[PDB]
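For reference, the chain that follows is the form deposited in one PDB entry, supplied as structure tokens.
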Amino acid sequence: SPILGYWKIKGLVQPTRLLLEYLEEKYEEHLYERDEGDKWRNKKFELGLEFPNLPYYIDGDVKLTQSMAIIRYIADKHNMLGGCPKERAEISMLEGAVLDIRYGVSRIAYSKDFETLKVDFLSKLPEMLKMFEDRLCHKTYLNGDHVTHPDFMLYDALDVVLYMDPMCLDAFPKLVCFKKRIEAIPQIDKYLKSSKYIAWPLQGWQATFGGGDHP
């Protein structure tokens, strides 16, 4: 059974969890708690990883790090990355545009100056969201009728920015619908209600925004 290792937080790996659950894939997790740095450090170089880091994904011979390599691998095994170079590039474009939002948050979330930095981020956020709002015209998911991994990435990004500004989707009804559509996927509905769902923190526990043991 594959092993997905990360801090017991949403962070970089939450879209991967959602994708695995969507696919009904069997996996176990190594979940490092806030005080378990020592535990991670004692395993870091003992797992066969060529590029030791968190998250990791171990699947027989396959030992992977890099969150994006991992999510894309799971997707790839299910024939989800795209049917030709142009569609693969389209999906990678969606992926990167989501990361501009999600990393946009993480870039500032650990700063002493988060509250001032938040102003600048929220000023740019509507422009980024509008691109997705436009993309969703006449589409159920970002690539139309079928789910792709960026859908779970975008889902996670929306979850996160809504904590930062609960009104940030008020101008984007299609994105509001989209978030509900993901939540309506029966596998996702079940997961979000399950003992396996990690609601919080959004970032590493030490973050100024999206950190701490509880919201």
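Take the two forms, find the largest set of C-alpha atoms that superpose within 1.5 Å, and that set is the rigid core. Heads up: residue numbers just count along the shown sequence, starting at 1.
Note that the form deposited in another entry isn't included here; everything after this is about it.
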- [ ] Would you tell me if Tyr27 moves between this form and the one not shown by 2 Å or more at its C-alpha, with the rigid core held superposed?
- [x] no
Task: Per-residue C-alpha change between this form and the one not shown, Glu50, threshold 2 Å, rigid core fit - done: no
Task: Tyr163 C-alpha shift between this form and the one not shown of 2 Å or more, rigid core reference - done: no
